[PDB]
Amino acid sequence: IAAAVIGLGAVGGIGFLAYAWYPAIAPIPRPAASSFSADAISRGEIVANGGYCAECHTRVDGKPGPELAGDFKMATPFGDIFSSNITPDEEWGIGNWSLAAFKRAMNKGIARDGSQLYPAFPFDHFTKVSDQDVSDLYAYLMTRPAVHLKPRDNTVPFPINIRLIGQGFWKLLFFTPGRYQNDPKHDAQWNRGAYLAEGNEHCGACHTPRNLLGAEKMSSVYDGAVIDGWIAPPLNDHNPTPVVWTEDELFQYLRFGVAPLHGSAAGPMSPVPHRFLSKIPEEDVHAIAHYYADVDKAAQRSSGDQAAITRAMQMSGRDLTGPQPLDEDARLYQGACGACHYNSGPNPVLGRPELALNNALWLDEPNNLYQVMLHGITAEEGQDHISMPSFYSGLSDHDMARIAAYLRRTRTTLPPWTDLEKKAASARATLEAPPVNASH
Amino acid sequence: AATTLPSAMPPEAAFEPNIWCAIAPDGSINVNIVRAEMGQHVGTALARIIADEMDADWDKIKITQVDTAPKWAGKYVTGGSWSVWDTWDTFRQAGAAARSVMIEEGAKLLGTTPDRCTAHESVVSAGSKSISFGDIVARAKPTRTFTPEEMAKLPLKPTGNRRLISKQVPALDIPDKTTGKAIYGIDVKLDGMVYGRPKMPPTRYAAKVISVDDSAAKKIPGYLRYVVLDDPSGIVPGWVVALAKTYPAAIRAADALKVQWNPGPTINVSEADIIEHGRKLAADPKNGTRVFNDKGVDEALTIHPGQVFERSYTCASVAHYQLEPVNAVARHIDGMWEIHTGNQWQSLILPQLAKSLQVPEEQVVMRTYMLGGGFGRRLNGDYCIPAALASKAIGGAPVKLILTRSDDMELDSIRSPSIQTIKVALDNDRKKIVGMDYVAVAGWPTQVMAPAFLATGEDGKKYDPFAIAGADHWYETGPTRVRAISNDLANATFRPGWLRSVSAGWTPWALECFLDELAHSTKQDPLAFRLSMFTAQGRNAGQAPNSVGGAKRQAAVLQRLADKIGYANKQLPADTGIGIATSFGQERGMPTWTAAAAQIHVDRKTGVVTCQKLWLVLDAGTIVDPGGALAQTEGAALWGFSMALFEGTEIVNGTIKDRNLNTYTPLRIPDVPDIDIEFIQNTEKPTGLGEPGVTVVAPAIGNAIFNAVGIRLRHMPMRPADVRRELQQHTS
Amino acid sequence: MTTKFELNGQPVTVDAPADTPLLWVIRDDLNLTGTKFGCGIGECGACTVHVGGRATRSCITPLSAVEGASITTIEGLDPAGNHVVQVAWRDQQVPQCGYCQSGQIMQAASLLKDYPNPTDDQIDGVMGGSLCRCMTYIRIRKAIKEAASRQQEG
Ligand code: PCD
Ligand code: HEC
Ligand code: HEC
Ligand code: HEC
Ligand code: FES
Ligand code: FES
């Protein structure tokens, strides 16, 4: 009371200010591109390709923006956050940044001027990137063409737009700076895979559920989350697909975008194996796959893979062979989807993904199935050279609900979904009619 | 002359003995085909007939699908399976005339009398000397022409064993259809073409446009304008066509148009309402026209009220769903209205097009293209008028009006739901039929589209031949009265249309199911019961040359079926049965005696009915094209199977309920049963084969169901839910 | 706007809205009327084309989805129209009206690429989507089996 409460509040305030406030490194003249060594440029190119630097630092909405120029819109639940320009621009960019300032931003999320960056920039994962990789990718960034584009202004409100207090509190509650620590309990390949997956590649950025404050639930790592309407399925034991995510399946999925059993990488995973993970050394992808196979615990769960595949083959051809005068939802599925989704042989045929094994039918919600039905899969989106028609206008919400209910009842052994029509409408409300086909 | 099928005709003139065939100086022989090529390969069969009669080389035969011209004078009708049957005599006479001219000219060139020279394989010879047809045309240059009455008295060849007829021959149109080179109505491209799409009114008839709001559609790139169709003929009332430079733009513009309508008086009419109106119409004995009314039917029926067996059978609506949606290109070029579309009956729609365009009939010409499946849908021709009106709205510039699947199904002239009541009076022994009373209420497509083609019954009143056909049975049922009643509610609500085997797909259903029910109720064998009434006495004695032998002929095929399937000693496992059903084909004037047997296993739990085997035996006289005949019979049998077990729709709020394949369920490849089709071999006059296969499939299956689980179904299609309901009721 | 892709082995650049279906781009913009328009909702197979050698429905495939891809139509199946599927179709006299037969032939070629020995179950599963209103399925199955046998001979 009085003196005591004032004193303790002042102590807490000065402590929070000392923690949150960071000095601003003096800006340096723009480094010449010739200074950096050629090999460092290639190593930084590999590092930045691994981190998907150009994915969410390029403007996609409206007109396409310049590479690495920022202005990418992120529809955060708290508001809209626009990625900063990381091209070596003198004023609106990192051109005046020094190596120390960029390293500080990578390890702590503090900009050159001392301001704190939002957790939309996943510094909690990039803080594990080693000094050598940081220097390499700084050298790579500083030699990219400069863009004089200014990112648009954020729409985040009070009291979250106040960078100092809000971001300092968020970092205090959840952020833990520090490079990845080598684990002696596992081999070099597993350590490299863990370093990449939890570091540069930040697989848990959208594969781990987040609480109300946007922080990843460390007690539910790789438990699957919801991003952009799609569902990122669990990357651990909790994956509901009947076939285990073996090392070979993981490597195929992460390198070529298609797996022999589970299927192809669509939606938000269209670019990850296609645009980024295919431009990094194959050893890195192999290490990531091995690490996640260890995390997935495939060595114990792989015993039942043959039985699961046989059961899926049995149920894949259900109602697709012989006369079908009884079930009308089965007729709709056969007419609309069964032509390219029927499998008979002991193993699936590449190019005909097995719905009885896919996560779209085994997940808790029909989000992935509805999103695939609506958007479709382009030629280079999932598996290479092959495409999938979009059923935005071919199927109404009722028809999509009928197909989803029939597939869940028949192609899986799980209990039926709930509110399928409302969920179908919600999924449809996130796009803008890919075809002008109509002609219902 | 639009498309010569095997190859283009040589450009060195030709000799035309008549209007049906021409002979080029190089030996090529062109045959003018006026029948629509909707998939039955009619041109190949007609060419076979004319080449066999002409005694010409088949390798020199080409067929031209000619456009509408005054020289053929309303011969462009293709329906009711009349093509081969009607063209038999005409093409035989034409070939005989051409062969006679060739024989005479070859004899003159070779210096011999015509009585000794003989022509074969497109060359006429007299002993050792010989000369081909092309050389004859090049040298003699014949100019003789034959009028139809001149050809009607020529010495035709004997109808026995022929050279080209009843021999396997590849179809002329198949090679083009395999490589995607066949041109349909939807493939037509004209200079300055503008695409168009309609906005369907809420009702088929009596719809009026109040206001149109095109502000939303003006933001669509490529959208030009909208036209509100004013129809002098009143065929497409209340239509609004949106025009664009590209078809997707037209689709989007039509979707974005805001049109206010007066719905009309039939906006809340359901299928049950139509069936109830049919029942009410059939209740009154004075309604309808008696197709034949023998004296004493009432006395026979009412003498013994306790010995009357009556049943009622209903058939639901069926949609064509022809694969190519109805479309047409229209333009006004060189002072003539050109319509490019696939049509089955050009001679019927030409006067309507002329009336709608307010031009003389000689100023309208319809180019002929391959049909993406007619099935009686293209007999309508109501889709050509909106394209012509839209073209007239912009001054005659080409307009390609294409209907989407939803619009095509809304405009579809569906098969009207029908209800038939059959009531017989038996003798004292309850074994023989003494009197018969047949009534059938349905929509009348001929009374709507072609009122001038209505037939006259024994009552002296006009009736639709394509709404009662198949009920004029050949059985010996004593005094028989057959009545056809026109459902005015069906005519007003929608446009009743001709389906494949029109009115012969549901009359045999009721008739054969009723006959089997009566046979089982009187403790009689259905086959023996049917054969005992095939006495072929009276009106069923048969005429010549079409129905030679009368009802006996039908009995023959039935007997053949009873020998093909082992009917006498057929032992089947539990819940398995065999059902038989016979019919005389399409019409009494041109009968195609057919019989069918179905082996059916009925699942007592789910009610699913599976056809293990389907036998068909047909007597269509001479089989001109064995492969074509087999293909047509297979298609017709599968159409009947689909209508009996799979296809079917409903009328909700005055319009068909299903709008695309998401709800409509036609037959697909996995559902095809095992079919065994046999043709009776004889030398009689050929009859139609495209339609008759549909006639007998539906009742037979139903009969088989009664032989499997003992439940009787009197509604088409027979869905598993109905079987489950019947089984649950029988359990009680 | 401008979408560039390889059609029938030739590079083409079509200037059309990215939401335009591949069917109407092929039929109208590229003047290849071999592909046909049926249901329009991807349930009849009349518009089947080959994207990357795999059968797909061009009626509900937007242009933006085939950027830089390889599209094969019925005109590009064989230079002389002597594909094994086409030869089997001609020998068995499968086409009645021929409207579906372009899509049917493309789907049969895709099936033969998938299953070199299509059993009855495989034929039902793969060709179930393709619909023929003329009901030429009896000849379709025989043609598929004959084409498979000829391919195995080869
Ligand atoms: N005898 C004899 C007969 C027949 N044939 C064969 O068969 C066919 C047929 O013929 P005819 O019967 O005559 O028929 P035509 O008339 O031509 O046609 C018509 C029909 O045809 C059918 N079929 C068919 N198919 C197909 N594919 N598609 C179609 O659409 C159709 N349609 C249907 C209908 S219908 Mo009514 O119009 O409805 O009223 S009539 C009808 C021919 O081609 C021939 O070849 C022979 O051989 N023989
Ligand atoms: C999407 C999830 C991102 C990925 C992958 C990477 N970055 Fe990022 N970055 C992102 C956002 C939304 C923001 C803005 C935060 C804010 O406070 O508004 C940033 C910011 C940066 C900065 C700061 C530059 C500035 O002028 O403040 C830098 C230097 C930066 N990001 C670098 C960077 C690198 C090197 C990445 C590859 C490892 C990378 N980012 C990935 C979003 C995302
Ligand atoms: C956000 C953009 C993501 C990042 C970064 C990573 N993943 Fe992901 N992943 C994401 C989505 C939205 C989906 C589902 C889409 C679908 O239709 O497949 C996935 C899917 C996977 C899978 C497939 C699992 C299954 O189908 O059962 C795997 C194995 C996977 N993701 C692994 C993975 C790894 C190893 C990542 C780091 C490199 C990674 N993902 C990043 C979203 C995102
Ligand atoms: C033939 C043209 C198809 C039809 C009709 C349908 N699908 Fe499909 N689907 C097809 C392919 C070739 C692919 C993979 C394409 C690639 O590039 O990734 C897919 C993909 C899916 C998926 C995702 C699985 C994965 O491998 O990513 C799902 C969930 C899916 N398809 C479901 C589905 C449904 C429900 C359909 C009926 C509406 C349907 N597909 C139609 C081929 C074809
Ligand atoms: S039109 Fe594309 S499948 Fe029917
Ligand atoms: S051939 Fe007429 S639709 Fe298949």
# chains A, B, ... in the order shown; residues from 1 in each chain; ligands from 1
>>> select_by_dssp(residues="chain C", states="strand (DSSP E)", output="count of residues only")
23
>>> residues_near_ligand(ligand="ligand 2", cutoff="8 Å", atoms="only C-alpha atoms and all ligand atoms", output="VMD selection string")
chain A and resid 47 to 57 72 to 74 81 to 86 92 to 94 102 105 to 106 109 to 112 115 to 122 126 137 to 138 141 154 163 200 205
>>> residues_near_ligand(ligand="ligand 3", cutoff="6 Å", atoms="only C-alpha atoms and all ligand atoms", output="CSV table (one decimal) with C-alpha atoms, in the first residue's frame")
chain,number,residue,atom,x,y,z
A,197,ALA,CA,12.9,-29.0,-38.8
A,201,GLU,CA,12.4,-24.9,-42.1
A,202,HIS,CA,10.2,-24.2,-39.0
A,203,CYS,CA,7.9,-27.2,-39.8
A,205,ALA,CA,5.1,-22.9,-37.5
A,206,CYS,CA,1.8,-24.2,-39.0
A,207,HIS,CA,1.9,-27.8,-37.9
A,230,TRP,CA,-6.7,-26.0,-44.5
A,231,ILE,CA,-5.8,-28.4,-41.7
A,232,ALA,CA,-2.1,-29.3,-41.3
A,233,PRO,CA,-2.3,-32.9,-39.9
A,250,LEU,CA,8.3,-38.5,-45.8
A,262,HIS,CA,-0.7,-40.9,-48.5
A,265,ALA,CA,1.1,-32.0,-51.2
A,266,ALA,CA,-1.8,-29.6,-52.0
A,267,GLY,CA,-2.9,-26.2,-50.7
A,268,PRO,CA,-0.5,-24.5,-48.4
A,269,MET,CA,2.0,-27.4,-48.9
A,359,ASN,CA,-5.7,-37.5,-44.4
A,368,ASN,CA,-8.9,-30.7,-46.3
>>> interface_residues(of="chain A", to="chain B", cutoff="7 Å", atoms="only C-alpha atoms", output="ChimeraX atom specification")
/A:321-326,332,436-437,439-440
>>> residues_around(residues="residue 146 in chain C", least_positions_apart="3", cutoff="9 Å", atoms="only C-alpha atoms", output="VMD selection string")
chain C and resid 84 to 85 88 92 141 to 143 149 to 151
>>> closest_residue(among="C:135, C:12, C:59, C:49", to="ligand 5", atoms="only C-alpha atoms and all ligand atoms")
C:59
>>> residues_near_ligand(ligand="ligand 4", cutoff="7 Å", atoms="only C-alpha atoms and all ligand atoms", output="MDAnalysis selection string")
(chainID A and resid 258 262:266 333 336:341 351:353 355 358 360 368:369 372:373 377:384 386:389 391 403) or (chainID C and resid 42 55:57)
>>> write_last_selection(atoms="N, CA and C atoms", output="CSV table (one decimal), in the first residue's frame")
chain,number,residue,atom,x,y,z
A,258,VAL,N,4.8,-35.7,-53.7
A,258,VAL,CA,3.8,-36.8,-53.8
A,258,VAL,C,4.4,-38.0,-53.1
A,262,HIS,N,0.1,-42.0,-49.1
A,262,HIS,CA,-0.7,-40.9,-48.5
A,262,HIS,C,-1.3,-40.0,-49.6
A,263,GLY,N,-0.4,-39.6,-50.6
A,263,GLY,CA,-0.9,-38.8,-51.6
A,263,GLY,C,0.1,-37.7,-52.0
A,264,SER,N,-0.4,-36.5,-52.4
A,264,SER,CA,0.4,-35.4,-52.9
A,264,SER,C,0.2,-34.2,-51.9
A,265,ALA,N,1.1,-33.2,-52.1
A,265,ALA,CA,1.1,-32.0,-51.2
A,265,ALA,C,0.3,-30.9,-52.0
A,266,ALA,N,-0.9,-30.6,-51.4
A,266,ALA,CA,-1.8,-29.6,-52.0
A,266,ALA,C,-2.0,-28.5,-51.0
A,333,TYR,N,-20.8,-40.0,-55.9
A,333,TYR,CA,-19.4,-40.2,-55.8
A,333,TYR,C,-18.8,-40.9,-57.0
A,336,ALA,N,-18.9,-38.5,-60.0
A,336,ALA,CA,-18.1,-37.3,-59.9
A,336,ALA,C,-16.7,-37.5,-59.6
A,337,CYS,N,-16.4,-38.5,-58.8
A,337,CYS,CA,-15.0,-38.7,-58.2
A,337,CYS,C,-14.4,-40.0,-58.4
A,338,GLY,N,-15.2,-41.1,-58.6
A,338,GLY,CA,-14.7,-42.4,-58.6
A,338,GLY,C,-13.9,-42.8,-59.8
A,339,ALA,N,-13.9,-42.0,-60.9
A,339,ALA,CA,-13.3,-42.4,-62.1
A,339,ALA,C,-11.7,-42.4,-61.9
A,340,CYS,N,-11.2,-41.4,-61.2
A,340,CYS,CA,-9.8,-41.2,-61.0
A,340,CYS,C,-9.3,-41.5,-59.6
A,341,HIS,N,-10.2,-42.1,-58.8
A,341,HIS,CA,-9.9,-42.4,-57.4
A,341,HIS,C,-10.2,-43.8,-57.0
A,351,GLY,N,-0.5,-41.4,-59.3
A,351,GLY,CA,-1.5,-40.6,-60.1
A,351,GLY,C,-2.9,-40.8,-59.8
A,352,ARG,N,-3.2,-41.9,-59.0
A,352,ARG,CA,-4.6,-42.1,-58.5
A,352,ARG,C,-4.5,-42.1,-56.9
A,353,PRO,N,-4.5,-41.0,-56.3
A,353,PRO,CA,-4.3,-41.0,-54.8
A,353,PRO,C,-5.5,-41.8,-54.2
A,355,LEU,N,-8.0,-42.4,-51.5
A,355,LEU,CA,-8.8,-41.6,-50.5
A,355,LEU,C,-9.0,-42.3,-49.2
A,358,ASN,N,-5.8,-41.3,-47.5
A,358,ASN,CA,-5.5,-39.9,-47.4
A,358,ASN,C,-6.0,-39.3,-46.1
A,360,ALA,N,-7.4,-36.5,-45.8
A,360,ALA,CA,-8.6,-35.7,-46.1
A,360,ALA,C,-9.9,-36.4,-45.5
A,368,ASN,N,-9.8,-30.4,-45.2
A,368,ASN,CA,-8.9,-30.7,-46.3
A,368,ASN,C,-9.7,-31.2,-47.5
A,369,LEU,N,-10.7,-32.1,-47.2
A,369,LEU,CA,-11.4,-32.6,-48.3
A,369,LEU,C,-12.3,-31.6,-49.0
A,372,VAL,N,-9.9,-29.3,-51.1
A,372,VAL,CA,-9.5,-29.9,-52.3
A,372,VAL,C,-10.6,-30.0,-53.3
A,373,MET,N,-11.8,-30.3,-52.9
A,373,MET,CA,-13.0,-30.3,-53.8
A,373,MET,C,-13.2,-28.9,-54.4
A,377,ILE,N,-6.6,-29.0,-57.7
A,377,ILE,CA,-5.1,-29.1,-57.6
A,377,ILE,C,-4.6,-28.9,-59.0
A,378,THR,N,-3.8,-27.9,-59.2
A,378,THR,CA,-3.3,-27.5,-60.5
A,378,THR,C,-2.2,-28.5,-61.0
A,379,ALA,N,-1.7,-28.3,-62.2
A,379,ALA,CA,-0.7,-29.2,-62.8
A,379,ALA,C,0.5,-29.4,-61.9
A,380,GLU,N,1.1,-28.3,-61.5
A,380,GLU,CA,2.4,-28.3,-60.7
A,380,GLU,C,2.1,-28.1,-59.2
A,381,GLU,N,0.9,-28.2,-58.7
A,381,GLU,CA,0.5,-27.9,-57.3
A,381,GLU,C,1.0,-29.1,-56.5
A,382,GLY,N,0.4,-30.3,-56.7
A,382,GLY,CA,0.7,-31.5,-56.0
A,382,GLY,C,1.7,-32.3,-56.7
A,383,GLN,N,1.2,-33.5,-57.3
A,383,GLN,CA,2.1,-34.3,-58.1
A,383,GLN,C,2.3,-33.6,-59.4
A,384,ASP,N,3.5,-33.8,-60.0
A,384,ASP,CA,3.9,-33.1,-61.2
A,384,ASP,C,3.1,-33.6,-62.4
A,386,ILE,N,0.2,-33.6,-63.4
A,386,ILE,CA,-1.1,-34.0,-63.4
A,386,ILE,C,-1.9,-33.0,-62.6
A,387,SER,N,-3.2,-32.9,-62.9
A,387,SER,CA,-4.1,-31.8,-62.4
A,387,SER,C,-5.4,-32.4,-61.9
A,388,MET,N,-6.2,-31.6,-61.2
A,388,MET,CA,-7.5,-32.0,-60.7
A,388,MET,C,-8.6,-30.9,-60.9
A,389,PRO,N,-9.7,-31.2,-61.6
A,389,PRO,CA,-10.8,-30.3,-61.8
A,389,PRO,C,-11.3,-29.8,-60.5
A,391,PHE,N,-14.4,-28.5,-58.3
A,391,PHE,CA,-15.8,-28.8,-58.2
A,391,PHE,C,-16.5,-27.6,-57.4
A,403,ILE,N,-21.2,-36.2,-50.4
A,403,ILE,CA,-20.0,-36.9,-50.7
A,403,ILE,C,-19.1,-37.1,-49.5
C,42,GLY,N,-18.5,-32.2,-64.6
C,42,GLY,CA,-17.5,-33.2,-64.4
C,42,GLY,C,-18.1,-34.5,-63.9
C,55,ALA,N,-6.0,-38.7,-67.6
C,55,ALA,CA,-7.4,-38.3,-68.0
C,55,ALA,C,-7.9,-37.3,-67.0
C,56,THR,N,-8.5,-36.2,-67.5
C,56,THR,CA,-9.1,-35.2,-66.6
C,56,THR,C,-10.3,-34.6,-67.3
C,57,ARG,N,-11.2,-33.9,-66.6
C,57,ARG,CA,-12.4,-33.3,-67.1
C,57,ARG,C,-12.0,-31.8,-67.4
>>> closest_residue(among="B:171, B:468, B:137, B:272", to="chain C", atoms="only C-alpha atoms")
B:171
>>> residues_around(residues="residue 261 in chain B", least_positions_apart="5", cutoff="7 Å", atoms="only C-alpha atoms", output="ChimeraX atom specification")
/B:207-210
>>> write_last_selection(atoms="C-alpha atoms", output="PDB file, in the first residue's frame")
ATOM      1  CA  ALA B 207     -44.690 -17.023 -68.714  1.00  0.00           C
ATOM      2  CA  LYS B 208     -44.488 -13.258 -69.221  1.00  0.00           C
ATOM      3  CA  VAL B 209     -41.459 -11.013 -68.732  1.00  0.00           C
ATOM      4  CA  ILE B 210     -42.188  -7.929 -66.624  1.00  0.00           C
TER       5      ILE B 210
END
>>> residues_around(residues="range 310-318 of chain B", least_positions_apart="6", cutoff="7 Å", atoms="only C-alpha atoms", output="list in words")
residues 414, 415, 416, 417, 418, 419, 420, 421, 422, 423, 424, 506, 510, 514, 647, 648, 649, 650, 714, 715 and 716 of chain B
>>> residues_near_ligand(ligand="ligand 6", cutoff="10 Å", atoms="only C-alpha atoms and all ligand atoms", output="short mmCIF file (atom, residue, chain, number, x, y, z; two decimals) with N, CA, C and O atoms, in the first residue's frame")
data_model
loop_
_atom_site.label_atom_id
_atom_site.label_comp_id
_atom_site.auth_asym_id
_atom_site.auth_seq_id
_atom_site.Cartn_x
_atom_site.Cartn_y
_atom_site.Cartn_z
N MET B 38 -28.60 -39.95 -86.04
CA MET B 38 -28.50 -39.76 -84.60
C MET B 38 -27.76 -40.89 -83.90
O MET B 38 -27.67 -40.89 -82.67
N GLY B 39 -27.26 -41.87 -84.65
CA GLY B 39 -26.48 -42.93 -84.04
C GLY B 39 -26.86 -44.33 -84.47
O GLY B 39 -26.19 -45.29 -84.09
N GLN B 40 -27.91 -44.45 -85.27
CA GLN B 40 -28.40 -45.75 -85.69
C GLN B 40 -27.74 -46.26 -86.96
O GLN B 40 -28.06 -47.36 -87.41
N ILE B 174 -18.51 -44.41 -88.27
CA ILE B 174 -17.71 -44.75 -87.09
C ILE B 174 -16.27 -44.26 -87.19
O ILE B 174 -15.75 -43.73 -86.19
N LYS B 177 -16.09 -40.73 -86.07
CA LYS B 177 -16.42 -40.55 -84.66
C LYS B 177 -15.33 -41.05 -83.73
O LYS B 177 -15.25 -40.61 -82.58
N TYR B 321 -31.99 -36.76 -71.49
CA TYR B 321 -30.57 -36.55 -71.21
C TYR B 321 -29.71 -37.01 -72.39
O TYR B 321 -28.79 -37.81 -72.24
N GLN B 322 -30.04 -36.52 -73.57
CA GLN B 322 -29.15 -36.70 -74.71
C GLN B 322 -27.85 -35.96 -74.43
O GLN B 322 -27.85 -34.88 -73.84
N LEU B 323 -26.73 -36.56 -74.83
CA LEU B 323 -25.44 -36.05 -74.39
C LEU B 323 -25.16 -34.66 -74.95
O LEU B 323 -24.64 -33.80 -74.23
N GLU B 324 -25.49 -34.42 -76.21
CA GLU B 324 -25.29 -33.10 -76.77
C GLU B 324 -26.45 -32.19 -76.37
O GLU B 324 -27.59 -32.46 -76.76
N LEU B 371 -25.98 -35.92 -85.12
CA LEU B 371 -26.75 -35.69 -83.91
C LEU B 371 -26.06 -36.36 -82.73
O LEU B 371 -25.65 -37.52 -82.82
N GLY B 372 -25.93 -35.62 -81.63
CA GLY B 372 -25.36 -36.18 -80.42
C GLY B 372 -26.38 -36.97 -79.63
O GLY B 372 -26.47 -36.84 -78.41
N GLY B 373 -27.16 -37.80 -80.32
CA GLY B 373 -28.20 -38.58 -79.69
C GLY B 373 -29.55 -37.90 -79.77
O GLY B 373 -29.76 -36.86 -79.13
N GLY B 374 -30.47 -38.46 -80.55
CA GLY B 374 -31.80 -37.90 -80.64
C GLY B 374 -32.75 -38.44 -79.60
O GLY B 374 -33.29 -37.68 -78.79
N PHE B 375 -32.96 -39.75 -79.61
CA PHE B 375 -33.85 -40.44 -78.66
C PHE B 375 -35.24 -39.82 -78.61
O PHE B 375 -35.95 -39.96 -77.61
N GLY B 635 -28.52 -51.34 -77.47
CA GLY B 635 -28.83 -50.03 -76.91
C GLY B 635 -30.25 -49.94 -76.40
O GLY B 635 -30.50 -49.38 -75.33
N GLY C 38 -20.83 -32.02 -72.36
CA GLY C 38 -21.92 -32.86 -71.90
C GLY C 38 -22.67 -32.28 -70.72
O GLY C 38 -23.52 -31.40 -70.89
N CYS C 44 -19.94 -36.70 -66.59
CA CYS C 44 -20.23 -37.52 -67.76
C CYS C 44 -18.99 -37.93 -68.54
O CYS C 44 -19.05 -38.93 -69.26
N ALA C 46 -17.57 -36.55 -71.11
CA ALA C 46 -17.54 -36.23 -72.53
C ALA C 46 -16.43 -35.25 -72.89
O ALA C 46 -16.03 -35.19 -74.05
N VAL C 94 -17.71 -49.71 -81.83
CA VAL C 94 -18.29 -49.17 -80.60
C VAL C 94 -19.14 -47.93 -80.83
O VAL C 94 -20.28 -47.90 -80.35
N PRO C 95 -18.67 -46.89 -81.52
CA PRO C 95 -19.42 -45.62 -81.54
C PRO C 95 -20.77 -45.77 -82.22
O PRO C 95 -20.86 -46.24 -83.36
N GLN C 96 -21.83 -45.37 -81.51
CA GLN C 96 -23.15 -45.27 -82.12
C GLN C 96 -23.41 -43.85 -82.61
O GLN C 96 -23.53 -43.62 -83.82
N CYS C 97 -23.44 -42.89 -81.69
CA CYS C 97 -23.58 -41.48 -82.05
C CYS C 97 -22.26 -40.73 -81.97
O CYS C 97 -22.13 -39.67 -82.59
N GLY C 98 -21.30 -41.24 -81.21
CA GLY C 98 -19.95 -40.71 -81.21
C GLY C 98 -19.72 -39.48 -80.37
O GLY C 98 -18.60 -38.97 -80.36
N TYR C 99 -20.74 -38.97 -79.68
CA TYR C 99 -20.54 -37.77 -78.88
C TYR C 99 -19.64 -38.03 -77.68
O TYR C 99 -18.74 -37.25 -77.40
N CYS C 100 -19.87 -39.14 -76.98
CA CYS C 100 -19.05 -39.47 -75.82
C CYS C 100 -17.75 -40.16 -76.21
O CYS C 100 -16.84 -40.24 -75.37
N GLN C 101 -17.63 -40.64 -77.44
CA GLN C 101 -16.56 -41.57 -77.78
C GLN C 101 -15.18 -40.92 -77.76
O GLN C 101 -14.19 -41.63 -77.58
N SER C 102 -15.09 -39.60 -77.93
CA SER C 102 -13.79 -38.95 -77.75
C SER C 102 -13.34 -39.05 -76.30
O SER C 102 -12.22 -39.49 -76.01
N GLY C 103 -14.22 -38.67 -75.37
CA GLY C 103 -13.89 -38.81 -73.96
C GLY C 103 -13.73 -40.26 -73.54
O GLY C 103 -12.88 -40.59 -72.72
N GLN C 104 -14.55 -41.15 -74.11
CA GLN C 104 -14.43 -42.57 -73.80
C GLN C 104 -13.08 -43.11 -74.25
O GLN C 104 -12.44 -43.87 -73.51
N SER C 130 -17.28 -42.14 -67.08
CA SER C 130 -17.70 -41.88 -68.45
C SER C 130 -19.09 -42.45 -68.70
O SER C 130 -19.36 -43.61 -68.39
N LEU C 131 -19.97 -41.62 -69.26
CA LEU C 131 -21.36 -41.99 -69.49
C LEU C 131 -21.65 -41.98 -70.98
O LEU C 131 -21.28 -41.03 -71.69
N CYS C 132 -22.31 -43.03 -71.46
CA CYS C 132 -22.72 -43.14 -72.86
C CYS C 132 -24.24 -43.28 -72.89
O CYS C 132 -24.78 -44.27 -72.40
N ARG C 133 -24.91 -42.28 -73.46
CA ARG C 133 -26.37 -42.32 -73.51
C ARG C 133 -26.88 -43.36 -74.50
O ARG C 133 -27.96 -43.92 -74.31
N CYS C 134 -26.13 -43.61 -75.57
CA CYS C 134 -26.50 -44.66 -76.51
C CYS C 134 -26.31 -46.05 -75.93
O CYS C 134 -26.75 -47.03 -76.55
N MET C 135 -25.66 -46.17 -74.77
CA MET C 135 -25.46 -47.44 -74.07
C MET C 135 -24.68 -48.43 -74.93
O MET C 135 -25.14 -49.53 -75.25
N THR C 136 -23.47 -48.02 -75.31
CA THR C 136 -22.54 -48.89 -76.02
C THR C 136 -21.54 -49.55 -75.08
O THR C 136 -20.42 -49.89 -75.50
N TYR C 137 -21.92 -49.75 -73.82
CA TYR C 137 -20.99 -50.29 -72.83
C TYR C 137 -20.58 -51.72 -73.15
O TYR C 137 -19.43 -52.10 -72.89
N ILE C 140 -17.98 -51.31 -75.47
CA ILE C 140 -16.88 -50.57 -74.86
C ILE C 140 -15.96 -51.52 -74.10
O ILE C 140 -14.73 -51.44 -74.21
#
